[PDB]
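Chemist: A structural model of the following input is requested.
(4 chains)
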4 protein chains.
Amino acid sequence: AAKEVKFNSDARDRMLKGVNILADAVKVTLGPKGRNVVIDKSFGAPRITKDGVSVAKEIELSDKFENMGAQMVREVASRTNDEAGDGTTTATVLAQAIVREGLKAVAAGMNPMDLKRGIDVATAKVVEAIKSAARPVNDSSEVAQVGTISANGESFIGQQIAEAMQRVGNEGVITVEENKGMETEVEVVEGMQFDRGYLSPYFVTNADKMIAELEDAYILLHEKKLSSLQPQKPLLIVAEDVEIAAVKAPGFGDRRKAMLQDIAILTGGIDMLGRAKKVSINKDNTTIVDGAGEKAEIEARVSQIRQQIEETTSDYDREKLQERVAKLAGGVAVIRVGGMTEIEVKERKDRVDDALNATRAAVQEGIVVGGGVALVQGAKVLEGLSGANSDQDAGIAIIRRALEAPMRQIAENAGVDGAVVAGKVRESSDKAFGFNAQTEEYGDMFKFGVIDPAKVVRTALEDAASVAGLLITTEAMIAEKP
Amino acid sequence: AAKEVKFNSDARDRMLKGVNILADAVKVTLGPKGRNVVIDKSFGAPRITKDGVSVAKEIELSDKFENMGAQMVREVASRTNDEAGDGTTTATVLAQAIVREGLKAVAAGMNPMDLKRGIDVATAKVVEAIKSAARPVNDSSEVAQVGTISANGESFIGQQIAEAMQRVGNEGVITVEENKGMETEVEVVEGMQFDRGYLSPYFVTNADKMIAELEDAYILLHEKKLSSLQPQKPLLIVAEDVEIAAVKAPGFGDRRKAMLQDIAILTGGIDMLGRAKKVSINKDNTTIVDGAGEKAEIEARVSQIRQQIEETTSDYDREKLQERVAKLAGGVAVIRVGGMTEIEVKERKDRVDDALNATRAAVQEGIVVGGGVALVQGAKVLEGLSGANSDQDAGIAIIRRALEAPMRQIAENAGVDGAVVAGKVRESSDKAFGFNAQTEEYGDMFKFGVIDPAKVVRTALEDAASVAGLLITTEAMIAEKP
Amino acid sequence: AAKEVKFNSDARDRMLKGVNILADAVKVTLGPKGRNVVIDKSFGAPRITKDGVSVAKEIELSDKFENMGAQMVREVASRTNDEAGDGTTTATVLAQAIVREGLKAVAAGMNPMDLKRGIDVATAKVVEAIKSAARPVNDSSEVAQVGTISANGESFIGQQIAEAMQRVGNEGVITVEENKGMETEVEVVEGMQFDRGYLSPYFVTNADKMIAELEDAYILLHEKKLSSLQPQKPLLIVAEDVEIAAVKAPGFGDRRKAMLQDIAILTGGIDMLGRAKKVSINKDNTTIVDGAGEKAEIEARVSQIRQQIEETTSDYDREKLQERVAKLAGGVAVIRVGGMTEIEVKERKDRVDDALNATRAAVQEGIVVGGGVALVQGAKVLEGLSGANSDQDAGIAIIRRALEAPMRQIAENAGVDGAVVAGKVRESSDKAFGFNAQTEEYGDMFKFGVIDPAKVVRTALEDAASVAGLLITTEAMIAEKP
Amino acid sequence: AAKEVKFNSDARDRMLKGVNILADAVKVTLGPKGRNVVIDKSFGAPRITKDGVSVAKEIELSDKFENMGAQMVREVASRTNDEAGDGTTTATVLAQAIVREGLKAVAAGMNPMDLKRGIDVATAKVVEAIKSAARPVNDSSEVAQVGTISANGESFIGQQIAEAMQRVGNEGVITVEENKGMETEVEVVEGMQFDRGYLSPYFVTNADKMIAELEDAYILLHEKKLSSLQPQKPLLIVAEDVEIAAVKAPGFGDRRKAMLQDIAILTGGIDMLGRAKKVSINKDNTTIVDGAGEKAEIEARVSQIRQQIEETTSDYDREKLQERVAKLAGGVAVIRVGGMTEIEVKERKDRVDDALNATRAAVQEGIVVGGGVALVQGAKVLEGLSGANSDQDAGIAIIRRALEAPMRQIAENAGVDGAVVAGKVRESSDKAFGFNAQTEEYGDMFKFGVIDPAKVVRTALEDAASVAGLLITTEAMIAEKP
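Modeler: Numbering: from 1, shown residues only, chains lettered A, B, ... in the order given. Here you go:
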């Protein structure tokens, strides 16, 4: 219906308003000295939080335009949570800085498209200078050190994860779960994990995250779809689509029936159906732990695939078959958390699940100094960089400064003058020298124990500059009329 | 939907508004010279009260933000009522003082995180200096003196409680109940008392407190749950959970079935079900008085557990079994209040139940001078204490002064100049010297009969400083739009 | 929901507003020269009244706070109608005076708690000096003179009541009832009268007062309750409680079944049920006139109880049995009013019922000068009285003056200057000297025929000072938001 | 719910407003030169009237208070229509005068109670001086002259009524009814007429007045009531009450069954039920014309009662039996009006019914000069009268002047200066000298034909002063809030 079209600056000043609100509410909760954010709960007492991710979700401005600015940034920076980490809050604090400066420039006449270019270049140069400075994590002594730190010092969980990893490879398929008594173990059941999620969010039993947990469900599957539905154990349907668990079959093309088969054995597909002790479903990933099939039927498929790839001269499907075989000849580790009471097991399961997510991401691209120093350090690379024109150059300097945002903030929240903490780290020489807001001393961020998966310090920066560019190059907005 | 985000001071000044209203309405009802608070009743004449706990519940401000300030303080200070005492009103009067000063400081630039630190330190030092000054209560001459005082002088109830206690230990399981004629007795039936409450508040027969009273109910129990419900004596179900009485089974792990069994005999679990004359249920505690089992079946379990622990070399489960055995080899005392008419028995049952709650808490951590002097005395400890910086020091002084709040108030309400009553007690030498607002004379608070369970004068102070810290370190608030 | 909290004076000035409206509307209808109060009737012509009790009920102010002030005073002063008399209007006129002065003082700084004390003392001193000055009423010449005066001169009703009283003792159980022709008689049927009322007001057939009249009902009774209801003559159930007439069984403890039995015979408990010609029920008293049992079965119980108490060595239950026996060996007098037409019998029944209530209360504690002089006279006692301090002294003087309220009013309404009428009675010497507004002459209030049951001139004064103290010591009010 | 309480003058000025509106609208329609009052009809053209009684009913002011003033006066003055006459309009015009002056005085300080006294005295003196000046009407030459005048000169109706009266006594039971052809007759059927009306107004077939006309109904009657209703000729039930015609049985006490019997024969109580050609019911009077019983059964009862009273030595029930016998040995005359068309019979029936009502009231207390002169003449008596004080004297003078209201009005409406018409009649000597507004000449009001039943000129004056006293002594009003 009726629409309100805002053009030029009038549309930009409003986006900037919605972004600043979103960034100013989330950024107060950054670092070891974060401040709380009280959130009105429609029933009872208010929710007091420091988790910058729960704040971002609560933000919904009334003014259609201001809200669009917030909704966007908030959406992208939320994808930075694909690896679940402080990326969301950093993506946000970063976006706010770049956008703030970009529009300032745009206003002064600089060409937005160019700024967007100089912004894209400078970003790539840093997204690189970061990787080329991240210490790797492969050894079990490291994977156990990154597992502990990510658990605030729980040397017990650092080893627990290292174990599971050293049982199914640094890039396996772990699944932390609660147990009974005070006994923690790392079993390795025979299960699988597709690369697809659910069909509808309403199909989720969201307890903490959008993940559907189904104990002893009914694993069925056909090469058709779920058109007509006319035709004490949960169910799980895996097909093309729908015109209880509902997930799309794994694989594609000639690998369609094959994939359905590989898993068919894993579950054993009521007498002619597959079974599984547990089956978890997510957005774009579903795991089936403890199937039902028999090692024999499972050893056959793995044998077929082996001999299959043993004949394949195809340099392409060589991996498409060698990869589907690992989903069988690999297994599914599963840390079993246990304590005294439910107030313990359910508690440690959150710490382990939280620390096992930081490590799994630490091993992918390595680890790098935390405290928002990685960004300031990598920014050193933009020293002599130059673009095709003054405008393009501006975009580069914007990023050169935006990278100091998450650090000065973290410093300000602690009471220290971020302008100083930044200047010291800038004039630094040791690529691992920063400021530790926890104790308030400068030094080797690594020796300090202040580290961050390089995969999040990288995704945050890309995602930020991703939107900062869109916003900066937006000329008109169309919102519905009240 | 739409949200109103308040930042910095703008969000603090509002919280302070909601807290001051809540604290100013409750604190008028403090001490022996408390003033009344008239409460509009939606039907009939207004409710006139002096009970600062009934006032706190009635407070619900209209302004979303102001209400959050009140809702918080009011929530925490309500947990101080876990031991049921003047803690709620004191936690409140204290919180209001600390917060008032904290924000004042914050405003002047002092770092909130530091103030929060100096506040936390100073508090621990006092929460300690209090315990290390509380006269213990173990002897039956004491437990009967604290039982009488807590009953305004009813030497009859002081002994009544002392008896029940000297029959099931200072830390047993008493249950005051109404009788028939003018006869008071302390029987010791065979019952139990888990450490779990109900599942839903709507399941409570709230007559005065959130406690479910079930006479001759049906005690059933299985190792499953209450998923499908499809499959003249009340009922009580004890299982894992529900997907009439409903409570979660006691114990955990290998102690699950064991616990269910220990109680199974106590009730005798229709021919294959357990029974009990009375079963009370609370928030996190359920009591089963007068079961149904036979001394024989009960003497067997106690015998098994004995021989069981007699073999256990485990230095851990040694208590996990020795404790579950006491739930059987202990019994459940039960004071039987009796008078002339229902206007008597129902009256004395409230005095006994009220005095038996003050004692049961007096024996846990001892007793200490009442009248809000314990706090002012312990505050003496902060004399030379110092923090890492001026800011941290400020937090310490805030507490040094906030502790004089409940006393000056109690004095002002009586007509005496709290500034003076405080100065005298400050320059005091005898750790038991204070001011008795009842008679208006200074002296030995103990000889005076003005005492307070050290467990409440301690919980109040911790809880207050608990929120005073959260509020002081809150940077942004998010409330829904009208 | 949302609440408006008023503190200090702001809350007091509002209460005072609601009280003054209530007292100013009711007090215009005081004495022999009362003025009318027109009351809007939702249908037809307005109700013209002089009865200060019907006015008090109509008062409901719109402002939540002002209304609380009125609702309170109006509630207490309504209990003064427990003996049904001009107490309500006097309690009100008195409360208004004390409160008016109290808050005035409070405002000047005087301590409310103290004023409340000096008010309580002075009151007791007068509530006493009154009793110790009331001429007794025992003789039938007196009980018939107080019975006539209370009937505006109906010497016929003065004797009618005296008779019934001289047939069942000055403290018996009379029950005035309508007859047929112009014949008035005082029969003495065999009935009882418990000390309990009904369970629900909606169970009342309120014709004039909250009294349930049941002719030939079904008297049943068991030692259980009215839990499940599943299992041309009205019914009446008497049990513990309910989970047509419904009343709780009489007695307690071992006297439970006994009481139910004593009455069981009185009614004869369909073939195995008790019956009764008439059964009236009130708030806390139920009467059963003309039962059904036979003198024999009734003479047996009385015989058992006699021999029972004849053996009882108990100096306690000696009365608990001797009293329950009188409920049988006493009877129930019953004045039978009769006239020409229903416009007569129904008219005289109101005069007799109204005069028989003033006498029954006159014999309990005696009679004392009316016209509001008793109060002014007793106030003489406070001549030298003194409290612990100036504040306490103030409370005493407030009462010393408030007692002149109902008299000056009664005088003003008549056209006489209450300041003068008060001064004369003050300088008086004869404790029975006052002012008779009916004729406008001073003298012996007793010889004048201006008397008041000392029980109402006493209850009014206690009830007034009861609330005047609560209001004066109220610091905060909580009302719901519009 | 919420109430608005108006006190003192503020409440009086408003009542006076509602009265003045009511009196000013009605009084324009007074006398032979009355002006019309147009009344908006919710459908069609407006109703043009001169009947001051139809105007009074239409008055309903919006302001709660103003309306109370009108509703009251309007109610009382309506009872003056008990004898159906110009009393209503006169009661009103009078009330307005007294009240207007009373409040004026009250305002000046005069005591209302006294004024009310001086008003009551003076009124009695006149209500008397009137009777002691009314020519009687007993002869059929007179009863026929008052019957004609009351019919604007219809000498035909003057005799028609005289006849019916001379057939059933000057105080019999006449019932004018419509006939068929142009034939008028005065039959004397055998019927009765109790002294009771109906139970509910909704039970009325109101055609012109609240009177239920039932032709050939079913006359039933029992000594019980109409509790349970479960158990081409109309019906009529006569019992105690109800828990088609519904009326309460006649008589009382031992005369209950007797009365029901006396009428039982009159109707003959389907085979065992009483019948009657016609039965009319009113507010407090019911007539049964042309019963069904047989002269024999009727002559028996009359015979029994005769012999009954012939033995009764009772000087009391001598009339209670002699009166009930006349209800049988009397009969019920009934003028039968007839004309040419329904536009005639229905027209003359209104004139006869209207004139037969003025006569029936003229014979009760006589007749006196009309034109509002009776009042002015009787006022002469207050010449030397005096009360206990100046205030009481004022009340007397108020009445001395209010009595000239209906006359000056009647004069003003005609165009003559009421101040003059009053002065002449005042200085008059002949107690029958006045002013005839019809012709505009002074003289002998009697010879003029200007007369008024002394019963209405008396009731109007009593009723007026009745309320004028209530209003004048009203101190507070309570109306509901909008």
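Chemist: Point me to the helix or strand that includes residue A:146.
Modeler: Per DSSP states H and E, residue A:146 falls inside helix A:145-149.
Chemist: counting contacts, what elements does that helix pack onto?
Modeler: Identification of packing neighbours for helix A:145-149 by 3 or more CB pairs under 8 Å, 6 or more residues apart in numbering or on different chains; DSSP states H and E yields helix A:155-168, helix A:342-365. All C-beta atoms are positioned from the backbone trio N, CA, C, and that covers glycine.
Chemist: Hmm, residue A:84 is touching residue A:355, no?
Modeler: No: judged on CB atoms under 8 Å, residue A:84 makes no contact with residue A:355 at a distance of 11.0 Å.
Chemist: Mind checking which of these two has more residues around it?
Modeler: Using other CB atoms under 10 Å in any protein chain shown as the criterion, residue A:84 and residue A:355 rank with residue A:355 on top: 23 against 18.
Chemist: For that one, give me its contacts.
Modeler: A:147-148, A:150-151, A:154, A:157-158, A:161 (CB atoms under 8 Å, 6 or more residues apart in numbering or on different chains).
Chemist: How about residue A:295?
Modeler: Residue A:295 touches residue A:190, counting by CB under 8 Å, 6+ apart.
Chemist: same deal with the one 4 residues further on?
Modeler: Shown here is residue A:299, which makes no contacts under the criterion CB under 8 Å, 6+ apart.
Chemist: ok, it to chain C distance?
Modeler: 67 Å (CB to the nearest CB, to the nearest Å).
Chemist: same check, this time on residue A:267
Modeler: Residue A:267 is 53 Å from chain C, by CB to the nearest CB.
Chemist: And for residue A:308?
Modeler: Residue A:308 is 71 Å from chain C, by CB to the nearest CB.
Chemist: Verify the stated contact: that residue with residue A:321.
Modeler: Yes: between residue A:308 and residue A:321 there is a contact at 5.9 Å, judged by CB under 8 Å.
Chemist: How about the secondary structure of the residue in chain A that chain C sits nearest to?
Modeler: Residue nearest to chain C within chain A (CB to the nearest CB): residue A:43, separated by 13.0 Å. Of the three states, residue A:43 takes coil under DSSP: H, G, I helix; E, B strand; the rest coil.
Chemist: count of neighbours near it?
Modeler: The number of residues packed near residue A:43 is 4, by other CB under 10 Å.
Chemist: Mind telling me which residue of the stretch 251-400 of chain A is nearest chain D?
Modeler: Nearest to chain D in the stretch 251-400 of chain A, going by CB to the nearest CB, is residue A:343, at a distance of 52.4 Å.
Chemist: hang on, I meant chain A
Modeler: At 31.8 Å from chain D, residue A:43 is the closest residue in chain A, using CB to the nearest CB.
Chemist: what's the distance between that residue and residue B:2?
Modeler: Look at residue A:43 and residue B:2: by CB to CB, to the nearest Å, they are 18 Å apart.
Chemist: Pull out the CA atoms of the helix holding residue A:146 and give them to me as PDB.
Modeler: The C-alpha trace of helix A:145-149 is given here as PDB (Å, rounded to 0.1, in the frame of the first residue of the first chain):
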ATOM      1  CA  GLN A 145      45.100 -25.200  25.600                       C
ATOM      2  CA  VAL A 146      42.700 -23.400  23.300                       C
ATOM      3  CA  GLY A 147      40.000 -25.600  24.700                       C
ATOM      4  CA  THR A 148      40.800 -24.600  28.300                       C
ATOM      5  CA  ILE A 149      41.200 -20.900  27.800                       C
END
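Chemist: now the end-to-end length of stretch A:323-339.
Modeler: 37 Å (CA to CA, to the nearest Å).
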